[PDB]
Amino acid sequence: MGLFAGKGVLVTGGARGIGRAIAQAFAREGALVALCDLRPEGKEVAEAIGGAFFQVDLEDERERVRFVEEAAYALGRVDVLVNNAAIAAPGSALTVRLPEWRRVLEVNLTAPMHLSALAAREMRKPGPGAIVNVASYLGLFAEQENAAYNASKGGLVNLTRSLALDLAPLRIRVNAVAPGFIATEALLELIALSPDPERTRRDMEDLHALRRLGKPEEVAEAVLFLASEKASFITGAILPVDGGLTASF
């Protein structure tokens, strides 16, 4: 069978985009996948891959406790957690409202911390565990009018290193991916509703050495690698999956 045959894999934000691609890639490799999402259409992603769906608002700490408990019971084991779910609140420090800023911090930074602790408790039971955080090139650099996302992804990058150090004694590896521009529905919607879609997309493509957008499946492959025993000496690493975005200007 496959790389994750009979392993329990938790994927946050699995209803679409990179999270859906991650849930599919794990299920292709024989994993029992529990995905959560705020969007109820995540039910169909779980049905199609033979996994479990949990409708969960990751802003709420009680719902995060419930998700890991119920996922663990449904799968019978937890081997991998992927912290994929994330939101943004448009605006500079000047423009963003404090409640919106705090919600971005809660979902993007506090939830991955909390879920990593909850999942880590389930990961001691069988053999070794792995966590992969989906960061962004915007955890390592800033862009205009995106303070909450930049700050939270920055925190997630150093939280990845913190978890790597603190969970090594439990035989858990913790790594992150930093995607470049990935052609998820979220990004294609933003492009589509731009004044000049073709020009916007061309300009985004041109920021990458590969001169194209990434596919969600390409981020999934990097997550699968970092979650697998092929990455047995990799922990605390931030892997750019950005087509060379962060290698030049």
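Residue positions are given as counts along the sequence shown, with the first one as 1.
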{"query": "Comparing 118-126 with 82-90, the one whose average Cα B-factor in the PDB entry is higher", "finding": "118-126"}
{"query": "Mean C-alpha temperature factor, higher of 135-143 and 172-180", "finding": "135-143"}
{"query": "Residue with maximal Cα B-factor (values as given in the PDB entry) among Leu210, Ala220, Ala186, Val56", "finding": "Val56"}
{"query": "Largest Cα B-factor, entry values, listed residues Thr95, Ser162, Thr110, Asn150", "finding": "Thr95"}
{"query": "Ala74 - Cα temperature factor, lowest/middle/highest third of chain", "finding": "highest"}
{"query": "Where the record places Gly2 (Cα B-factor, split into thirds across the chain)", "finding": "highest"}
